[PDB]
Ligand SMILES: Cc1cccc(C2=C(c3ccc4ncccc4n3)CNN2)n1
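Shown next as structure tokens: one chain only, the form deposited without the ligand.
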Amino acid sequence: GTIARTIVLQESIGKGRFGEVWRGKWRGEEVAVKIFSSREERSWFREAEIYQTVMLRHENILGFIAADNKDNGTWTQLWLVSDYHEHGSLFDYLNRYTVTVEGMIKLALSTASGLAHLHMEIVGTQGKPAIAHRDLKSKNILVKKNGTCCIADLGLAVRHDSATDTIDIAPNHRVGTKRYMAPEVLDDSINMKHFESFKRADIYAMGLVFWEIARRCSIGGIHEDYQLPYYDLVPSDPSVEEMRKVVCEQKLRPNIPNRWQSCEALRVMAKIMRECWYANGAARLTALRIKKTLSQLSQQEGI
């Protein structure tokens, strides 16, 4: 065996939705190891399945190494081994630091590039299906040493078959983090047989993540403190009903500070946010369009 047999766990990172994450050592390198119990095989298998999708690898998608089993002599462990990113999540990174205009662009553009890749179908023998995340949030995006992001936590993802316009696991129920659920997800108006609706719901979530980044953009020593979207309107761990009353009924979105009109980069960011936040998913920007706009911005700023 070349994987779990040869890995040594060094540090507990944390227990998430399913399983637990550790920092391990594999062939002298640091690796992220997500371990699931025998009764979590369905979650482990589905995440292994998404990460093994043909042509998935991309600089802005977490690098998957292997799936494996490890028997310690008492119980079986189901492992998912991936690249290790020392900064941890974009949520941790934005809490820990402020960012420059350059830093903000790198973070936003890389996030959009990874999402555009996830969403994009690549047609061919070695084809890649279009994939929707369903749980995009700052806690599910990692920050690499080079200051760019990679999308992680692909366990809840759905894959599209374009010839039939059907989804591989035919989702029939709401999933994901309540705070980041699109208005159509919160009010259950979403058509879950329509794959394009899942892509649009991801864009709404990315708009919220962009708002979190922009708050941390420090110009002339001026920035906002770290906050989750809707910090001002809902409790921690909000319910679907608490979110639905704010997002769907009162029709509120995170506030856009007046100061974001002070420079081109914050005006471009604020504009993308508004265009991800439309209640009508069909009116939202695509990840590919956002990538295009941000790459044009990155060129002007000389990143």
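Shifts are known only where both forms have a C-alpha. Rigid core here is just the name for the largest C-alpha set that superposes within 1.5 Å across the two forms. Note that residue numbering begins at 1 and tracks the sequence as displayed.
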Entries skipping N172: at least a third of other ones: yes
Comparing 184-192 with 107-115, the one whose average Cα B-factor in the PDB entry is higher: 184-192
263-271 versus 25-33 - greater average Cα B-factor per the deposited record: 263-271
Maximum C-alpha temperature factor, selected from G207, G88, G124, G73: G124
Peak C-alpha temperature factor (PDB record), options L233, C150, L94, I222: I222
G63 - which third its CA temperature factor falls in, relative to the rest of the chain: lowest
Record-listed C-alpha B factor of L154: chain third: middle
B-factor third for the C-alpha atom of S197 within its chain: middle
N258 - Cα temperature factor, lowest/middle/highest third of chain: highest
Ranked against its chain, the third holding the CA B-factor of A279: middle
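In what follows, reference is made to the form deposited with the ligand bound, a form of this protein that is not presented.
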Site test, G103, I105 and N146 vs the ligand in the deposited complex, non-hydrogen atom cutoff 4.5 Å: no
Close approach of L208 to the ligand in the deposited complex, 4.5 Å, heavy atom: no
Distance check, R253 to the ligand in the deposited complex, heavy atom within 4.5 Å: no
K128: touches the ligand in the deposited complex, heavy atom cutoff 4.5 angstroms: no
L62: touches the ligand in the deposited complex, heavy atom cutoff 4.5 angstroms: yes
Interface segment, criterion being heavy atoms within 4.5 Å of the ligand in the deposited complex, picked from 255-263, 30-38, 272-280, 236-244: 30-38
Option touching the ligand, based on a heavy atom within 4.5 Å in the deposited complex, out of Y230, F195, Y204, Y84: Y84
Within 145-162, the residues that have a heavy atom no more than 4.5 Å from the ligand in the deposited complex: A152, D153
Segments displaced between the shown form and the other one (3 or more residues, each Cα shift of 2 Å or more, core-superposed): 14-16
